[PDB]
Amino acid sequence: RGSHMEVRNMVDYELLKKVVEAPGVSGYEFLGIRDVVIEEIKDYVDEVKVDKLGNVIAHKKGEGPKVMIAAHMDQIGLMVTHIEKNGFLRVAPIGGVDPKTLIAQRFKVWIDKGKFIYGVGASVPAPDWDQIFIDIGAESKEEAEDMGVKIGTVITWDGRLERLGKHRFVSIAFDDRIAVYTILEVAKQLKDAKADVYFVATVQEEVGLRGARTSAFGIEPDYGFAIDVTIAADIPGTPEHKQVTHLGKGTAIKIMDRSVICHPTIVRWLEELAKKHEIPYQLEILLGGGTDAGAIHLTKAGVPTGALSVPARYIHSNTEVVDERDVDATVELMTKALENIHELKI
Amino acid sequence: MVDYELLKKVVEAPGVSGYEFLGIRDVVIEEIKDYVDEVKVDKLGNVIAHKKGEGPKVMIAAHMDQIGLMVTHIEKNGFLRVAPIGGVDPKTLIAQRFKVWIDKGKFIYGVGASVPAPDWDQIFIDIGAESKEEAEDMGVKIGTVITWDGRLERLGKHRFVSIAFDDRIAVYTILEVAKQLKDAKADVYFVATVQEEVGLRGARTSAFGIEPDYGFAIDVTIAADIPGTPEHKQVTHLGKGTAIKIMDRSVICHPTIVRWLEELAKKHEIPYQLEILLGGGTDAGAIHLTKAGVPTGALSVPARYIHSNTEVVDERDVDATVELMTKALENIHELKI
Amino acid sequence: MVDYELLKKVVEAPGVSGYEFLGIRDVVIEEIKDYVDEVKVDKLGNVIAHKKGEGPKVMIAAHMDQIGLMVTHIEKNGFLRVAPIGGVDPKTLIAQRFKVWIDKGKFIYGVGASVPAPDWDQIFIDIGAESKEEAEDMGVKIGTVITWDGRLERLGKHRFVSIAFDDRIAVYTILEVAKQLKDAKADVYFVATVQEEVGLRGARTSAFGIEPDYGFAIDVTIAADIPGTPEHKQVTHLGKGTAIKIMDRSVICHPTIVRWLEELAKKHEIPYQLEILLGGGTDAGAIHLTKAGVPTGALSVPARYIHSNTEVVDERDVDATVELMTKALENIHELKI
Amino acid sequence: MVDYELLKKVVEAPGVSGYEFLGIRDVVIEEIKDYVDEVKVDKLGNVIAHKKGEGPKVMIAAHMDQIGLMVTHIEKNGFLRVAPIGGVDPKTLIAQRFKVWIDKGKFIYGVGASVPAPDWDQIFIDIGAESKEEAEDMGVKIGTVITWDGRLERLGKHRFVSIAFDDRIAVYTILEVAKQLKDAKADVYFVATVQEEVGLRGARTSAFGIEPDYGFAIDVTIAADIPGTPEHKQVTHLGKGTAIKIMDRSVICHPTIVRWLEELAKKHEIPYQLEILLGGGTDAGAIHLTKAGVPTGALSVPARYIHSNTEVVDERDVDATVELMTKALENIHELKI
Ligand SMILES: [Zn+2]
Ligand SMILES: [Zn+2]
Ligand SMILES: [Zn+2]
Ligand SMILES: [Zn+2]
Ligand SMILES: [Zn+2]
Ligand SMILES: [Zn+2]
Ligand SMILES: [Zn+2]
Ligand SMILES: [Zn+2]
């Protein structure tokens, strides 16, 4: 809170809870997260549309450059590939799932829209996919099918949002529901921006930035931004130079990841904005990873693109960890950016 | 069927080995006191619930301790290092949520993670603290005990998933036996034992004080009736009945008792299966070596994924266990050495 | 049943990625032209066959390129070194006969062998030449394309063995669909795509030019219903129907289209099975990402021993694929996103 | 401070497990007899020193056995083969001098060496004999016991190096407690136990005979506060106080006792640290399982290089241990279950 002390709510807890707990595996975002996004953003924009692959495009009209801001609403999960004779389920990953995060875990097996049954992940006696299975308490293939399970059924971890200490949280899918949360807050806080703004909750980031590619083509923005998580490996046993970002040290301004080298004018501009407005920030370089920005910048004849990231520990698990001060800083910098973008010269 | 709300109370109370007084002890006392003549807590914390009767003196032990973790060190940036309480596998700790018990009835959340299969030196817990001092201000100390954040849920028509079915499913079982039992020709001591998971310690001391004529343990046993397990290595099958223990690594159950239990199960059409473990150990291993020897048997609830936050059990096997134990207590006056 | 003579023509025409104009292109044009309003060949060599109709614009893609080899070097004693075109496994080249394409409709035989498990540095082709000069005299150059010496044959009552069922079985399919289709409420573009095996390249460019409302790919999918494969890893079974693609590594098919395809199959009693690939990739991976997005589905022909001179397919699955695609096109005007 | 000459007597007396009667037993009796009402030696050789008082009966155990070697074989050229008594690491035996005990109060020197990391089959002792017969003439037999040739010396301002600080530092501690203690409201049994190093055997049998209301062990604990040890694995630090044992592999100390000891140390400003061992074992592991159970705690002297001829201890931690144990005995009458 420490400038000339400011009072901030920092994160709207009930709203964050809504967004992290709606199911929305890649390709199947329509099952939960889509409608949560539409309901929570529609009042703050002039127009909401969902496009052909299911991207939610929320348009706030203004006189200025066309700006796209993308936050992916898909989460990683599992799909049922086979139902064994004794009712056990075999699975394939949707997105980059590590088998070791599935062992002795509870799951929500989505048998219909707004309907799940519990499952337990286990391995055949380190584990790879051939060894992983899900127990739903069925005794036979017939019983599992009776229960609503089919080849193609989608599954997420059973995770809920909880507080960790004074400023931190644990949850499923902070990647990238924390950014979906962020653009919802930007949408509320943005007023009279000299910018033609397109908030996009993208589909299928986790399987290759697919939703960002097609929505960016449709929108044809002058400038693009992604908001995603980035690695915070500020944990025991990590060399300082490999920590990438630190929790609570601010919003992360992306210099580059494996999918994008952010436009250096935009990188410099965002840093100077953060400095001017005393918003906590840190500079982000990812040796791997990839974000929607990787697709946006390559749209048509090219789009100058930047990115802000929320540092997150334990990415791609049921127990991702984020710091509310970094989330606050991200909302603020993005807001300031959109209010100042009519001045940006490239 | 099972009494779902009772089962929930029993599995969700905290009570790691040595620290059972922090939750589970009071649940057992509260739930059993009305069905027995006397309840006592002994020097190591065993709950000894006595139902007077005319017949042989019988001890039935269900261990109330669960496996868990203890804080060994608080790192400079507020992360916790831990030691196992009981047989914990590190691979069950990664990307899991925990309840970090800062007082009786008070917890904060924690997250399990590893340093870049994992061994103990690579395991740590994140509680959202920024420094050692902050962790300490939040109430964490060397010796703080920790359990998984687990809750009871239903799986399909007859099954359940929970933390600590090992051995709260047996604690639940003896509560039901106590409720059901009336005018048995037996002098019955129901014992919720402490510190089974660190070497059958509470059973040893309680059995000594009680000096029973006959002993029984109720515990989980391995159900490895899961994909990729050879049939001969499945041990028990969920839904195929209560498991009558022939032997485990800690006890060869008295063959007269084993046969008598099987004949009772056959005579009352109680579903059962015969259990042999090549490893493991149960309170029966302490009971039978009490003083000059105690003829001892054991019943087990088949359980999948033992020693994890996601243990799985079948209500039909639980009911069969309650039923067979009740019939055993009702008929033990007729058993001869 | 299948039109065996038509199948034979399509599988035996050469058409390695980037060099489809050497054989398969003209076969496709010759065999489809009478059943559509217009056939064009585009800049990269895709064959686009257009059947005008009143309804949504639909692209159906079957790749006409096959995997093969290209000559990288002619050794002093006349042996050839090669590079793969598409995903070629070197172990499928050993002690095999090849057709070394020296011109359009002209070849010399070759023999694959390894230098005393094999990688590419060990593979060479023997064409019976004694020197580099003799090899060149025979028409071989750096860049010369090579296919297996393969032919279509029958296996038992319903099955076939052939070179390039991937993806000539789908080229065969769209030819049959073109013949069957009448008065459809759809503007239809059958596309024999180039260079799928090197990264879905022709599908990308042809899809951009067509700008379809809906997209479909027809390709082979893994049938690993063979000895030693766990049931859960078999993917599809031969003779159990056309495979409706849910996802592969290149596409998650639109769920509305997946459901609609399944309901059509049920309605018309067409045999089907649901396909999930953990790897792979098909033209659908390029089509759905065209411009602002294209809702896309796929049907697959189950095939054993994919990417070899002995790929195996079931006529019943091929018939089911023809029938379902036809029903799809006749019914797509009713489909709503 | 410590009483240096007393400490020297205690660490330098021979007394390997089972053979404590050869030196250490008589030292303990001589040094304690004047400060207690009665001293008795029991059937396995435990020294039981009883100070009568009005209050709870308290057993305090410090093990007088040290690790060592026993002669298994005399080779043709006079070399000795050995078996370990207690947890001896062979790498602590190479290029070391030994006292080979040929009678009570009589020794000859020996030298440890290995055959060309080393295991037991490679270890031998050279006593300067030329033949088996000469070794035998010198008094060596199968069963001869052997200790390192170690003596107490000072290291810097507050530290010491010695053979057998494990557990002669605790033997020294109970002698000082006995000297200091006067008119305590407690019925005190100081026990110098036998055969701790081979499985807590003397503590088990003495605790049974005594039947105490409360038990305490005093032993060394790991101080790995040395170069290259991660902070979370140091366990205790020399000079940072007496270690209050929360748990080791043999005992989870009674939490009421653990907390009470910490509060006493805080109330009297006695430096202390909290101890958790993931392995190890102490007499407390036998004491608490006596009969119907005995609430038990433990204090430890941090020690570096445990189980060697060069164990290291800090006098400030020793003094704190004496002080806390004295305050515990003086205040135990107030402790409630
Ligand atoms: Zn991700
Ligand atoms: Zn992401
Ligand atoms: Zn257990
Ligand atoms: Zn158990
Ligand atoms: Zn193909
Ligand atoms: Zn292919
Ligand atoms: Zn020792
Ligand atoms: Zn010791």
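All heavy atoms count here, side chains included; hydrogens, waters and symmetry mates do not. The sequence lines fix the lettering, A, B, ..., with proteins before strands; numbering per chain opens at 1.
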- Would you find a donor on one side and an acceptor on the other, under 3.5 Å apart, between the side chain of B:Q234 and the backbone of B:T229? yes
- Message: Please check if the number of heavy atoms outside B:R249 that lie under 6.0 Å from its CZ is greater than 12.
- Response: no
- Query: Can you tell me if B:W120 uses its side chain to pair, donor with acceptor, with the backbone of B:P84 under 3.5 Å?
  - Reply: no
- Query: Do other residues, nucleotides or ligands put more than 12 heavy atoms under 6.0 Å from B:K33 NZ?
  - Reply: yes
- Under 6.0 Å from the NZ atom of B:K104, do we count more than 12 heavy atoms belonging to anything else shown? yes
- Which pair of non-hydrogen atoms, one from B:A207 and one from B:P212, has the smallest distance, and what is that distance? O-CD, 3.4 Å
- Task: Using a cut-off of 6.0 Å, state whether more than 12 heavy atoms not belonging to A:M147 lie near its atom CE.
- Result: yes
- Query: Taking 4.0 angstrom as the limit, do A:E162 and B:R97 come out as a salt bridge?
  - Reply: no
- Task: Tell me, yes or no, whether the heavy-atom count around B:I252 atom CD1, taken from other residues, nucleotides or ligands under 6.0 Å, exceeds 12.
- Result: no
- Message: For the residue pair B:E197 / B:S17, report whether a side-chain donor-acceptor contact shorter than 3.5 Å exists.
- Response: no
- Message: Regarding B:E20 and B:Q195, do their side chains bring together a donor and an acceptor under 3.5 Å, going by distance alone?
- Response: no
- Task: Ignoring hydrogens and angles, tell me if any N or O in the side chain of B:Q66 forms a donor-acceptor pair with the backbone of B:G15 under 3.5 Å.
- Result: yes
- Query: Given side chains that start at C-beta, do those of A:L89 and A:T153 come closer than 4.5 Å, heavy atoms only?
  - Reply: no
- Aromatic B:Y4 / basic B:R154 pairing, under 6.0 angstrom, 45° off normal: yes
- Message: Please check this pair: side chain of B:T72 against backbone of B:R81, looking for a donor-acceptor N/O pair closer than 3.5 Å.
- Response: yes
- Message: Tell me if a side-chain donor or acceptor on B:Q96 pairs with a main-chain N or O of A:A104 at a distance below 3.5 Å.
- Response: yes
- Task: For the pair B:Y19 and B:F21, name the ring-plane relationship: parallel under 30°, tilted 30 to 60°, perpendicular over 60°.
- Result: tilted
- Chi angles and distances behind the side chain to side chain donor-acceptor pair (under 3.5 Å) call for B:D166, B:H63: CA-CA 8 Å; B:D166 183 7; B:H63 76 87; 3.1 Å; yes
- Looking only at non-hydrogen atoms, find the nearest pair between B:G18 and D:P255 and report the distance. O-CG, 3.4 Å
- Item | Candidate pair A:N86 and B:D225, rule side-chain contact (heavy atoms from CB on, under 4.5 Å), full reasoning | CA-CA 9 Å; A:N86 292 135; B:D225 58 334; over 6 Å; no
- Distance-only, no hydrogens or angles: does the B:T236 side chain make a donor-acceptor pair with backbone N or O of B:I222 under 3.5 Å? yes
- Message: Would you call the rings of A:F88 and A:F133 parallel, tilted or perpendicular, taking 30° and 60° as the class edges?
- Response: perpendicular
- Item | Under 3.5 Å donor-acceptor, B:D219 side chain and B:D167 backbone | no
- side-chain contact (heavy atoms from CB on, under 4.5 Å) between A:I132 and A:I103, worked out: CA-CA 8 Å; A:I132 303 294; A:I103 298 306; 3.6 Å; yes
- Query: Are B:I146 and B:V71 close enough that some pair of their side-chain heavy atoms sits under 4.5 Å apart?
  - Reply: yes
- Does atom NZ of B:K266 have more than 12 heavy-atom neighbours, drawn from other residues, nucleotides or ligands, at distances under 6.0 Å? yes
- Query: Going by heavy atoms in the side chains, are B:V47 and B:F190 under 4.5 Å from each other?
  - Reply: no
- Message: Whether the side chain of B:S162 engages the backbone of B:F165 through a donor-acceptor N/O pair (distance < 3.5 Å, no angle test) should be reported.
- Response: no
- Query: Between B:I108, B:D149, B:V145, which is the residue that forms a side-chain contact (heavy atoms from CB on, under 4.5 Å) with B:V100?
  - Reply: B:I108
- For B:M64 and B:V194, run side-chain contact (heavy atoms from CB on, under 4.5 Å): C-alpha distance rounded to whole Å, both residues' side-chain angles, the deciding distance at 0.1 Å, then the answer. CA-CA 6 Å; B:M64 65 176 170; B:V194 299; 3.7 Å; yes
- Can B:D89 and B:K91 be counted as an ion pair, charged N to O under 4.0 angstrom? no
- Taking atom NZ of B:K157 as the centre, does the number of heavy atoms from other residues, nucleotides or ligands within less than 6.0 Å exceed 12? no
- Message: Between B:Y172 and B:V11, is the side-chain contact (heavy atoms from CB on, under 4.5 Å) condition met? List the steps.
- Response: CA-CA 8 Å; B:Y172 167 84; B:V11 299; over 6 Å; no
- Verify whether one side chain among A:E139 and B:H158 offers a donor that lies under 3.5 Å from an acceptor in the other. no
- Has the side chain of B:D317 got a donor or acceptor atom that lies under 3.5 Å from a matching backbone atom of B:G241? yes
- Verify, without hydrogens or angle tests, whether B:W101 (side chain) and B:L22 (backbone) share a donor-acceptor contact under 3.5 angstrom. no
- Item | Charged N-O contact under 4.0 Å between B:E262 and B:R259 | no
- Query: Can a salt bridge be assigned to the pair B:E5 and B:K8 using a cut-off of 4.0 Å between side-chain N and carboxylate O?
  - Reply: no
- Closest contact, heavy atoms only, B:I244 versus B:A265: CD1-CB, 4.5 Å
- Message: How about NZ on B:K240, more than 12 heavy atoms from neighbouring residues, nucleotides or ligands closer than 6.0 Å, or not?
- Response: no
